[PDB]
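Participant: no FASTA, just this:
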Ligand SMILES: *OP(=O)(O)OC[C@@H](O)[C@@H](O)[C@@H](O)Cn1c2nc(=O)[nH]c(=O)c-2nc2cc(C)c(C)cc21
């Protein structure tokens, strides 16, 4: 079961706009708390989440390339999971206006 | 010396059954007792009571003790207090038929009688502070109750006026503890029924001097009392109660409105912890909103209830599952029933309430949606909530980007109403173009549509697509032809939306999603150009 998320890359830090229903039920974070926030927070940082893999995203995010990787993220319950994120830059004219994260949670 | 004398009298043996000898004999001892009244008298009776009590037989000593207090209230202190101390000790258990108390309950059931009665209650109040010697309790709370119970309504009302300080133990403490003992041991609540009018409403005018100089007490401690009274009070009684407080003179209340609102705070607060009595599910509407409107419907009394709604709607915590529906449903109903004239006022009070004051936020409007669902079609009330809507949207436009989440909510949260949300989002978009913000609305649609379109193709997820198609399908239908031009221009200048619609068209996994997706598309085509 994939959870989905979208970011407006035209704003600063790509704030979230959409949250899939399963994301709402497997992160405890209903849409209202996380919209306008970037998803920088799902790992919060916390020392044990791999520092490199997080930096590899932001580098990959600038040029606008697909990134597939796997971090451990935790609900605000503190209970941790890990997913393989797929971040998909979407563009048309062709400027990266939106981002789509397709993350598949696994505790 | 003299205690030792009456030690073998008929004072300690059961009262003669003859009424005439009962009366003649008691008349004789009350004069023997009262002959002394020396410095020693309190010390004298104190030895007499602890030594001679408690016994289980009915004795003539009870009646001499009880009467001497009546004929000499000046010395009620020296008589009751030895008993008070043993009640504190545990020497005496208090039974309403325990025999020192059997008669003091009986003398109370005539101005001489009233004063003696009064002082008995005035004494027992001061010693009634809580002790622990199994919760800690107030030792003399129940005795006050049975005396107050077996008593005319005139003195109960004056006991609570005196006790709460309308004109040593906490005044608020005893009233709560004697009102509970009645509820606790008896199965009714008549003392709390006289106490709540006693605190909120002024003395009766016929009692002039008292009436002129009296003040509303501090209502903070009697927050349970009001809950318990309002939990049981027939709805007609509370509207009698509220109006009386509303149209009281200003010497009574600094601001009666502040106190009427304060009362509401306390029943709401006591609702979370009160046990045994639960307020009705429409308690905010039933005991208040029903009444507050009618005042407007029926001289200057109507004028003061109008100040309450401005007060009620300038502090929007009334809206703060089923209580919200009923609270919201109630607001809708008081609007409809009262008449066109009052609705125009209610609505203009509402506008003056919301800064047209509190700030305006989308979170403020989530409750009014549940009110608006119940409103009828085309009424000025609907217009008023939609007018406050535009006010909210105007204000948010003026960092955290509440707007981005708002549109998500109308589009998909089901907060609810596809009928409303189509109408609501139409307003939302129209405000953004006036002022960028229009990109936000432009941007979210693609994100939601395409993310949900991808999820379906790859139970709740399919349900939301249907809703978004219908909201957009209806945005075409309902500057109604003008927004339609914008959506069609939005869809076919972005290749992502273009693809997502097409796959939805051909989806048979869900019957209604592709009937719907087809229609939206054809609507895009015609309004595209
Ligand atoms: O500054 P930093 O190096 O911390 O940034 C890297 C990321 O942590 C952050 O910038 C986001 O881009 C990462 N991100 C997620 N990070 C997570 O830990 N869990 C997730 O589920 C994430 N989903 C994301 C989805 C999208 C669309 C983006 C753009 C980023 C993202």
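Facilitator: Received, thanks. Residues are numbered from 1 along each chain as shown, chains lettered A, B, ... in the order given.

Participant: Can you name every helix or strand that the strand or helix carrying residue B:24 contacts?
Facilitator: Element membership for residue B:24, per DSSP states H and E: helix B:19-34. Where contact means 3 or more Cβ pairs under 8 Å, 6 or more residues apart in numbering or on different chains; DSSP states H and E, helix B:19-34 is packed against helix B:60-71. C-beta here means a position set from N, CA and C on the backbone, and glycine is covered the same way.

Participant: Give me the residues contacting the next helix-or-strand element following the helix it packs on.
Facilitator: Downstream of helix B:60-71, the next assigned helix or strand under DSSP H and E is helix B:76-89. Applying Cβ atoms under 8 Å, 6 or more residues apart in numbering or on different chains, the external contacts of helix B:76-89 come out as B:41-42, B:45-46, B:48-50, B:53-54, B:65, B:68-69, B:92, B:94, B:100-101, B:104, B:116, B:119-120, B:123-124, B:127, B:131, B:133, B:139-140, B:143.

Participant: phi, psi of residue 36?
Facilitator: In the absence of a named chain, this looks at chain A. Main-chain torsions, residue A:36, degrees, to the nearest 10: phi 80, psi -20.

Participant: let's do chain B instead
Facilitator: Here is the backbone geometry of residue B:36 (degrees, to the nearest 10): phi -90, psi -80.

Participant: rewinding a little: out of the contacts of helix B:76-89, just show me the ones up against the ligand, please.
Facilitator: The subset of the contacts of helix B:76-89 lying close to the ligand, counting by Cβ under 6 Å from any ligand atom, is empty.

Participant: Kindly provide the distance from the residue nearest the centre of chain B to residue B:277.
Facilitator: Central residue of chain B (Cα atoms, centre = their mean): residue B:267, 2.3 Å from the mean position. Taking Cβ to Cβ, to the nearest Å as the measure, residue B:267 falls 11 Å from residue B:277.

Participant: likewise residue B:26?
Facilitator: Residue B:26 is 44 Å from residue B:277, by Cβ to Cβ.

Participant: Comparing those two, which residue is more hemmed in?
Facilitator: Comparing residue B:26 with residue B:277 by other Cβ atoms under 10 Å in any protein chain shown, the one with more neighbours is residue B:26, at 19 against 15.

Participant: Now do the same contact list for the nearest residue to that one once chain neighbours are set aside.
Facilitator: Counting by Cβ to Cβ, 6 or more residues apart in numbering or on different chains, residue B:63 is the residue found nearest to residue B:26 once chain neighbours are left out, at 5.2 Å. Residues in contact with residue B:63, defined by Cβ under 8 Å, 6+ apart, are B:15, B:22, B:26, B:103.

Participant: quick one: which of those is nearest the ligand?
Facilitator: residue B:103 (80.5 Å; Cβ to the nearest ligand atom).

Participant: ok, that closest one to residue B:96 distance?
Facilitator: As judged by Cβ to Cβ, residue B:103 and residue B:96 stand 12 Å apart.

Participant: ok, these two, which is more surrounded?
Facilitator: More crowded of residue B:103 and residue B:96, by other Cβ under 10 Å: residue B:103, with 22 against 14.

Participant: List the buried residues of the helix or strand harbouring the more buried one.
Facilitator: Assigned by DSSP H and E, residue B:103 belongs to helix B:99-108. Residues of helix B:99-108 classed as buried: B:99, B:100, B:101, B:102, B:103, B:104, B:105, B:107, B:108 (neighbour count, 16 or more other Cβ atoms under 10 Å in any protein chain shown).

Participant: Of these, which pair is most distant in space?
Facilitator: Greatest spatial distance among the buried residues of helix B:99-108 (Cβ to Cβ): B:99 and B:108, at 16.0 Å.
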